[PDB]
């Protein structure tokens, strides 16, 4: 019914990081960018307000925020009066920061900030148009074995074919992913097979991006690497994890066709 920060449920980043054989000292930096498409509350006189929230959670935070719990938390604003949009911003930053364990950035944007904003696609070369046969759908990181044997390049690749399954109901998540790197040129077929092999994998979006980054790192050994995925929303919220050897945030945050 009313505003309730206890609805937020953290999940520690360490669970999956330990599974990736990472140390406490991360091989990447970055953030999880969230879009809150249904943020709504009442003003001081009870008249509903609507906005889109843009949130960034540092990748160094102890916890990620579980997405269903984030949805239920936001729903608790819907019948609650707040003094001003600034109060809503302040409450979001306080609660989300406490749950994540590190200061989170929050922008609460009016809907008119999006009028005539264009849908974007990703940068560089799309690798999806390949005339190849897929014979099974089991996850296989060894699809990247020997995948980076070309000359030294800097380039940006992307795919729209990322899909994994949510941990419990096997309901699908959908994403596009952009991979920018400097290192030995990557075999496009290997990279595309590797990404397609997530199609029945169960992991959070943040975990998926970390696994792609660490698997490219270990098998392809680029000198620099950035992996940025943009997923379609679930429960009115989307996640867009960014992980980079050198960059701390993406220099653009614009929605894709399916988002």
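Residue numbers count along the first chain shown, from 1.
- For the pair 103-111 and 168-176, the mean Cα B-factor is higher in 168-176.
- For the pair 222-230 and 198-206, the record assigns the higher mean C-alpha temperature factor to 198-206.
- When the C-alpha B-factors of 73, 85, 181, 137 are ranked from the entry, the top spot goes to 137.
- Comparing C-alpha B-factors across 116, 148, 157, 98 in the deposited entry, the largest value falls on 148.
- Remark: residue 250 belongs to the highest third of its chain, ranked by C-alpha B-factor as recorded.
- In the PDB entry, a CA B factor belonging to the lowest third of its chain's modelled residues is recorded for residue 52.
- Sort the modelled residues of the chain by CA B factor and residue 186 lands in the lowest third.
- Among the modelled residues of the chain, residue 29 sits in the highest third by CA temperature factor in this PDB entry.
- The PDB entry assigns residue 121 a C-alpha temperature factor belonging to the highest third of its chain's modelled residues.
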